[PDB]
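Undergrad: Sequence unavailable; structure follows:
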Ligand SMILES: Nc1ncnc2c1ncn2[C@@H]1O[C@H](COP(=O)(O)OP(=O)(O)O)[C@@H](O)[C@H]1O
Ligand SMILES: Nc1ncnc2c1ncn2[C@@H]1O[C@H](COP(=O)(O)OP(=O)(O)O)[C@@H](O)[C@H]1O
């Protein structure tokens, strides 16, 4: 539907509201070329995955947050809190100067 | 709350007809033990009457026969009017002080000095505080306070302005001021001013304004023990040792002075003396030196009534090598009258289990109560009472609303009683470490 | 990371129905005991009960301590698990019944919301003001300090009470420092210099820190976990004030004190205010008294009263002894080494010896826990001990055999490496034979009796 | 620039493929490296695996040429 909306926008008479069909009907209206053929003077990208585990503070946040799945499942809220702690726990709870209970 | 359900939580009193000392067959959470409850009620009467000093009562009977229950029933039926000290006899073997000193402090804790005093307290909602703080501070300032019934404005003296700034007193704060001390307690925030408390978090509570006059005399009845007066006089912050411990052996001449002064306050009518109770649980853990001290401590005019419990038969007195009834020397037992607690009949076990099944949130089916009663006869009141909690937890695992026989049977199977535990020991004697230290680890 | 006796135990391995899976969470067998320990975990997680007693009863090496440590994992991190041996109770500083009470209150936890009400900024002015006292002989006294605090979005001038100036002074604050002040305690912290004038050429090794962002005055809230014993100790040895007693109480040697029942009772009142104010959750936990036969009859007679307290943890005892003499009561023998009138209070979980196939399973669980890859004939060899010898002797051979195999260049332990381990490292019984045969007569080369 | 670091993966591979193009264009001449700080054992992993399988569908739906 997101491809239709672009095709409807350019050509609303034809495209008012399987692959062997798609690649034929779009041959006039879409032009695409790629750096492999025309721009091969550039190198390719190197994509390097860099895994690192949750630090002890992050996993104290993450596991006590994941404990909410024993009651809920809000999951779309939890996957944002999980993404915060997976970024930096100070996003979820900012560490700041602290002292014993008075 | 912070009080959880505990073994004695169902005891609400002694269960005795106050007009006659006739024990009701059950009331206030006590079942049976009628003659023992009547005797404890006669002791309770002469405790309240105060005229009799330094009598000692022993509650003697087999384990689980309600000796602590009757002691707790007396404590619940004295309440705050009378000091009530509970001492496990293990407690006096301090490393800070000799055991006769520890035992003296316990006697001193059990006599109250009752002192009645008044102060003018001013209480209301702060309408305004103006303080100029004119380089220095506390120069001049005015306080407006209202109740629902009055409003007044006050010029403040400089040491009151310090108090107001020390307590960060603010418009809308509900305060009491004790005038003679000048301390300010913020009882809360008035609800009508809630929007001004922009720094207070949403968890903050609010109150309605105080009612009536801004100023009245409020009368406080303090009760302070002889031990507290002793400890206060020991050193420059002696009271601070009433909390941490770290009292030494308080010098005898300090106590002797205080006894004279408290007799003066009584004769002057400034104070009253309120004799309490010392309850010594499992008194047989005391040794022969302790009993010799108690014998004459009881002869003091400022002695409480002492109440004691013993599980022991004819048994070895501690700190010596001979045996006597209750494990207590006969010369001490000559100074003591004895209340006996008897074993329970099956219907009394049924009633106590029912009461315990009310104090915990448990529904027992009638057959489950009958089975627990049968287990009570066979395995003892305490064990069946612990099967109540266990069965409810098993029932909840199977999500049952009521405890059934199946749950009591699982409890009886999973947790052994003392006799089956002994039988397990008497069978496993090769795997269990013997008194000889010998054990076999092979299969 | 390091591997210890119980590293393989992860939990009780129960079903949701509370029945034990015959091999789960590291356990093999003890199913009835694991099911009883499950119902105890339920008793603990349901906050309703105080002062219930449990006894793990069974011979040495039957997994009683594994059961207790499994309970500690099923309860998770929030609930206080307080392990002690009965031999920890004999303090030289305070009576042994004090140590029991400290452990009872260490086993009750509190989670409490706390508002910290603070001032933070770069010190931009500091100007003391003082009075000439009448002739007390100590001379003039500072009446107040005026201090200017600058933050990123405001500034204040503070007229301090001189007890807060003593915090400022003992913190060695200067103009141009960044400081933190608690109105809760009057306490002060020097955070650093400003990042202004952060010239490198100081020998002072300063931490320059940025100006505090936000307003000078702040009112942050944080959640604190504490035990009741933490409150007892704080109030018995006061140290959070700026008064002289709090000051000197940090200079004196720390020592334990026989905290009174009077203090403990009044801290119950204080904590119940936090509950009624809604700022605290009470979270009662469990006290595990291992080797409970090492308690004496004064300890056990105190536990009577301590368990009757209207708040007390659950107490789990473990004992490994038959009919034995009660310590401190050489006249009295009883089963488990527990006084007969105290044993009436407990629920006893009897714990049983393992079968030979269970031993084989435990050996394999333990081998792969230690990372000892181990052939099946080698497993059968190790599991013939544990039957003929203690179970512990099996598990202790796995590490020597691993070393010997690796020294022999093997990737994995064969029967040969165990047969060498059996020879270098004797069990107690073979060593007891060496004693009786060599100490068969006295002499220069005899063992000493 | 010559290096792109994603602190976070996005649910849409087209946005990261656009983001990493910023350095990898007709004006570039140094090698480009892309790093992606996938924290292991977290939903950062599932976010990346879902985004990575979408890129296959988007490549399949352009199996035929647009040239
Ligand atoms: N007559 C009674 N009425 C109600 N409850 C009782 C009675 N006797 C004993 N109990 C309860 O049974 C338990 C054991 O009795 P307890 O008083 O501890 O006996 P003892 O102190 O002699 O060992 C306690 O929880 C107690 O509250
Ligand atoms: N059922 C079991 N499953 C797995 N391992 C066990 C089991 N029982 C005991 N063990 C292990 O055997 C060793 C000895 O048991 P232990 O708990 O020390 O016995 P006890 O404490 O009663 O002397 C420990 O390393 C323990 O983890």
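TA: Looks like it arrived, so ask away. Residues are numbered from 1 along each chain as shown, chains lettered A, B, ... in the order given. Ligands and ions are numbered 1, 2, ... in the order given.
Undergrad: From now on I want contacts and neighbour counts done on CA atoms only, so please keep to that.
TA: Fine.
Undergrad: Quick check: bridge partners of residue B:273?
TA: Beta-bridge partners for residue B:273, by DSSP bridges, are residue B:113.
Undergrad: Also the one 4 residues further on?
TA: Beta-bridge pairing of residue B:277, defined through DSSP bridges, involves residue B:84, residue B:305.
Undergrad: count of residues packed around it?
TA: The number of residues packed near residue B:277 is 28, by other CA atoms under 10 Å in any protein chain shown.
Undergrad: show me what contacts it?
TA: If a contact means CA atoms under 8 Å, 6 or more residues apart in numbering or on different chains, then residue B:277 has B:47, B:82, B:83, B:84, B:85, B:110, B:304, B:305, B:306, B:307 as its contacts.
Undergrad: next one: phi and psi at residue C:144?
TA: Taking degrees, to the nearest 10, you get phi -160, psi 160 for the backbone angles of residue C:144.
Undergrad: measure it to residue C:282 for me?
TA: Note on residue C:144: its distance to residue C:282, by CA to CA, to the nearest Å, is 41 Å.
Undergrad: what do you get for residue C:300?
TA: Applying CA to CA, one obtains 27 Å for the distance of residue C:300 from residue C:282.
Undergrad: The longest helix anywhere in chain D near chain A anywhere?
TA: For chain D, the helix reaching the highest residue count under DSSP state H is reported as helix D:43-60. Yes: applying CA under 8 Å from any CA of the partner chain, one finds helix D:43-60 in contact with chain A at D:43, D:44.
Undergrad: That helix: which residues count as buried?
TA: Across helix D:43-60, burial judged by 16 or more other CA atoms under 10 Å in any protein chain shown covers D:43, D:44, D:45, D:47, D:48, D:51, D:52, D:54, D:55.
Undergrad: I'd like to know which of these is nearest to residue B:404.
TA: Checking those against residue B:404 with CA to CA, the nearest one is residue D:43 at 45.6 Å.
Undergrad: what sits against the closest one?
TA: Residues touching residue D:43, when contacts are defined by CA under 8 Å, 6+ apart, comprise A:79, A:82, A:83.
Undergrad: likewise residue C:280?
TA: C:110, C:111, C:112, C:113, C:271, C:274.
Undergrad: by contact count, what packs against the host helix or strand of the first one?
TA: Think residue C:110. For residue C:110, the host element (DSSP states H and E) is strand C:108-131. Here strand C:108-131 touches strand C:141-151, strand C:177-182, strand C:217-227, helix C:228-236, strand C:280-284, going by 3 or more CA pairs under 8 Å, 6 or more residues apart in numbering or on different chains; DSSP states H and E.
Undergrad: Around chain A, which positions in chain C sit nearby?
TA: Residues of chain C that fall close to chain A, judged by CA under 8 Å from any CA: C:114, C:184, C:185, C:224, C:226, C:240.
Undergrad: so which of the residues you listed is the most crowded?
TA: Among those, residue C:240 has more neighbours than the rest - 20 neighbours, counting by other CA under 10 Å.
Undergrad: tell me the helices in chain D, going along the chain?
TA: With DSSP H as the criterion, chain D has helices spanning D:13-21, D:43-60.
Undergrad: Would you mind giving the ones you listed as a markdown table with distance to residue B:4 added?
TA: Rendered in a markdown table, the data for those read as follows (distance: least, CA to CA, whole Å):
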| stretch | distance to residue B:4 |
| --- | --- |
| helix D:13-21 | 56 |
| helix D:43-60 | 41 |
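Undergrad: and of these, who's closest to ligand 2?
TA: Closest to ligand 2 of the helices of chain D is helix D:43-60 (CA to the nearest ligand atom; 33.7 Å).
Undergrad: returning to what we had before: by neighbour count, which of the contacts of residue D:43 wins?
TA: Using other CA under 10 Å as the neighbour test, the contacts of residue D:43 are led by residue A:82, with 23 neighbours.
Undergrad: Thought residue A:62 was touching that one, still the case?
TA: Yes: counting by CA atoms under 8 Å, a contact exists between residue A:82 and residue A:62, whose distance comes to 6.4 Å.
Undergrad: ok, now which ones touch whatever residue of the stretch 301-449 of chain C ends up closest to ligand 1?
TA: For the stretch 301-449 of chain C and ligand 1, the shortest gap (CA to the nearest ligand atom) falls at residue C:341, measuring 7.3 Å. Residues touching residue C:341, when contacts are defined by CA under 8 Å, 6+ apart, comprise B:63, B:311.
Undergrad: I'm done for today, thanks for sticking with me.
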